[PDB]
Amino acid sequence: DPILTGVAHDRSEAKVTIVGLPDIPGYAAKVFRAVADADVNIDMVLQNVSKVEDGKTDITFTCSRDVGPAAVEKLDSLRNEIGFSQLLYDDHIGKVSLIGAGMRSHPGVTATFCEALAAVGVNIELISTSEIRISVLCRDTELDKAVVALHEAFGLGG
């Protein structure tokens, strides 16, 4: 059985998405070096695959709401060096995570997590998981009900 230890939540973050980056070597390097140069600490980093139709993908990261605009302006100032097509910024996200161990051999845990949020009408914006954590972002105004649903689904937070 999986060991599930807690549900954590954070409403202190913003999401920055670099849209339309060529899926070619060196492009993620330019994005992250720009963010490092701006001295912006980054929490979640996510990039899914490109498809043949445009040969591009997006990179998202989260950071504190306080420094989000500095990250955006740094990237924008290098938009032609880097070659992305647009930046998206969302300072109204909540992050919620199920924390535990041994989840790889239990895909029902990931199913349950998503089913719990669905049951209360919470839209899942972004997902990043591992064998020790399932994390999602949702609208910050939906965070509370997400947390409660997860407490109930996993028998946590008593």
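Heads up: residue numbers just count along the shown sequence, starting at 1.
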Revision key, fill the gap. Per the PDB entry, mean CA B-factor is higher for 13-21 or 141-149, namely for 141-149
Point to revise | Given 58-66 and 98-106, the range whose Cα B-factors average higher in the PDB entry | key: 98-106
Review point. For the listed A111, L126, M44, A29, which has the peak Cα B-factor recorded in the PDB entry?
Key: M44
Study note, to complete from the structure: Split the chain's modelled residues into thirds by Cα B-factor; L4 lands in the middle
Exercise for review: Would you mind ranking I82 by its C-alpha B-factor against the rest of the chain and naming the third, lowest, middle or highest?
Suggested key: highest
